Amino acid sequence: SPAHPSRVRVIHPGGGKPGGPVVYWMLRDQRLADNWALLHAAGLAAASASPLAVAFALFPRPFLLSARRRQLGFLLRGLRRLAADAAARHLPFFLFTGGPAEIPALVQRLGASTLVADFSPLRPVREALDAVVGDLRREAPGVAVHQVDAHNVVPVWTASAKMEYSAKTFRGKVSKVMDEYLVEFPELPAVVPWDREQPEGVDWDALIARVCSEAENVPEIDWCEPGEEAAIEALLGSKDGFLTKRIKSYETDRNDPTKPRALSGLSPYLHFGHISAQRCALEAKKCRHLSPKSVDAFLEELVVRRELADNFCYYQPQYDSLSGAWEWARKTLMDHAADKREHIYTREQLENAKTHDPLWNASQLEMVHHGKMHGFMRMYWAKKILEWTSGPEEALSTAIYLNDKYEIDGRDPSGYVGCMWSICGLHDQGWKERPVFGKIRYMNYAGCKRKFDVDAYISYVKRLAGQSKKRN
């Protein structure tokens, strides 16, 4: 296939007889363009003179990692667009709302030769893949199952053979093979027309209303549209695309929460796979000569950091718990477990932004009402939760709960890793020992005041919350 073999993990070789359909079980990478898993499926189909189908399984209530209206609405409106693009291309798109068990069911009805899955290190996804593999192993051992890393530039199992200590050590490994993997995408190979079972028609308006009303009412975001088309516009649009109109000031503005527009705004799209991270990297390379320092800094966050989070979650099964932190960090947090905290807030008080700290309150409200807290503020926000709760495990649990509830880009390896960086020093060095934090990196209000106009950020969030509360 068009996919580099290192991107392809053959889970089960299969056998039986070729000529059977190839099915791409789409999960993490909700796009037709720049998708190695789809390209691999199409390549298998084309080579065996067999038809090609895409299937998507929505996890039913309580939904994947407790997705709320906000996240469900974005995913489904994105999939509605994708389904339309699929039909225009005569690529069959099967939508299953009962759960992943429908995937093996379909594979058997169609007499599929191969199932291709994409890759995520998150435990509920890995467990669902494993269960599907087991179902097929027992009922259709002739069916081949392949998994393709379509999300990372460098395949997760190839980038490193182990969980890496930090961005530095991870960069050392990936920079060596970056030229081999940061390459263009070919077009989908042509495949014979689909002549098998036809996907059932979806009433998307009915489905979206149903699913979202079954989930907690965290409101949909209104400031960007989901899907491939809107994602490419966010990256490359002539009017206000990131790489076209905003890349220049990135290295010097990305840490300034009073410059909301300096960030790429790509994480919503990258999380749902509406846009390929490799696509974003390729386009950045094409404009590096115009803004070398900023592009280099962008590529560091986009490739090294993001992929380091996949590395961690893939190799560390306890990626959302204190036990998953490094020994130095666990010990320093334990050493300071008995230190009296200056403030203790409950989860409810934090969630509703009822602390003595107006900067922290602002960061919480930005997440609640806007759905995307400024990247610099996420570090401050999570560190205060450590400072104002009874212990690091409770802090970690609360940060993750809030992040996953409110962020449009949440329920993501990078969310778990962000909280772990903040609270447990994951991928960080140690610093001067102090009460509560021990050697975990400390940040404070005074430190923020030196760097940027804190009152301006506070005012900006107040205005956002106001509009959001009125709209609600």
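Each residue number is its position in the shown sequence, starting from 1.
The mean Cα B-factor in the deposited entry runs higher for 234 to 242 than for the other of 234 to 242 and 74 to 82.
Taking only CA atoms, the mean B-factor in the PDB entry is higher for 44 to 52 than for the other of 44 to 52 and 413 to 421.
For the set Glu394, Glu127, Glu387, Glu197, the maximum C-alpha B-factor listed in the entry falls on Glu197. Reading the B-factor column for the CA atoms of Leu188, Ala309, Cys280, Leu263 in the entry, the top value corresponds to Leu188.
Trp25: CA B factor in the lowest third of modelled residues in this chain (values from the PDB entry).
When the modelled residues of the chain are ordered by their C-alpha B factor, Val116 lands in the lowest third. In the deposited entry, the Cα temperature factor of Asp320 places it in the lowest third of its chain's modelled residues. Sort the modelled residues of the chain by CA B factor and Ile275 lands in the middle third.
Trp326 sits in the lowest third of its chain by CA B factor, as recorded in the PDB entry.
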